[PDB]
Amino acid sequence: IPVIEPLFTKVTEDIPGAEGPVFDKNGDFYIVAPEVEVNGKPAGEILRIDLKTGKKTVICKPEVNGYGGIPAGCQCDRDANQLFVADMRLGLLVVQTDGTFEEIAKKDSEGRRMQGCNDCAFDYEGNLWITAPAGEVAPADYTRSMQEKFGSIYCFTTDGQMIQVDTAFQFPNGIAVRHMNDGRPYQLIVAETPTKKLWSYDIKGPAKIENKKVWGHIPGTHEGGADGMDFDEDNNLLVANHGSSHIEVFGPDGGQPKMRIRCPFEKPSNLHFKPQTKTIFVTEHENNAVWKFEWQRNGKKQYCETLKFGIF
């Protein structure tokens, strides 16, 4: 498998569990520190990063009823400059740039207790596909599906429904949506970390997925596996292979990686493209830092970059 070794330029450091890199509608960059703890208890943070200086500013330290969150994944909304954050203790949060937030769901559409989330992906229709590797949200005792298969998948629809679309995953992690050229969502890809697998489904409609299938295989026998993911403008899927020192590159059809990207660290966690560029910002857990490197092409436009009132 061809392996490229681009130059990684340091962005910022010392972010415990450095995760969920994201750009908002203004081009501002955000990172979440899920593993920040105070006295041994969760006290995760959502930070804004000045790309010019690398200086960190924590805008939100989410907590509901004394229970601190473990914010791990992000997506920027389109109709409003706000962030949808997957939290391992609080579920789905909507965080404003001013630092204020709101917990989206205590229970799903079936009245079942919500599970802690890790990452999410907006389809062009506005539906948010979320991975829930943890057990029930706070105040429930913290649990995560690294060893047992109780991880779930949700779809938070445009009409405000938190619908559980599947379960029994061994730590569902990164997630991405494949769209047709005309913009129609048609395939959901989900990473199952420890199993070294990437799963896929046919998106039949909002919160409607069918035909679960092992779409791709993650290299290595190291502890870890597929973490964060995203598509480039050509629909190639870059996946951070946590613990492998590489970011895997899958073709439109999946299977085995058609290329790998060597990182100057062992634990790449998540990644995100800077709008209108080839620049990929990468978070990693070896040094708990953020880096950036140039990819061969631009990224696939995020839902937040699309237009509600566009013509084409």
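Numbers follow the displayed sequence, beginning with 1.
A summary of the deposited B-factors shows that, of 45-53 and 259-267, the stretch with the larger mean C-alpha value is 45-53.
Stretches compared: 277-285, 55-63. Higher mean C-alpha B-factor in the entry: 55-63.
You'll see in the entry that, of 124, 129, 215, 186, the Cα B factor peaks at 186. Considering 171, 154, 101, 199 together, the PDB entry gives 101 the largest C-alpha B factor. For residue 139, the recorded CA temperature factor ranks within the middle third of the chain's modelled residues. Per the PDB record, residue ranking by Cα B-factor puts residue 11 in the highest third of the chain.
Residue 78: CA B factor lies in the middle third for its chain, per the PDB record. The entry lists a Cα temperature factor for residue 105 that places it in the highest third of the chain's modelled residues. When all modelled residues of the chain are sorted by CA temperature factor, residue 247 is found within the middle third.
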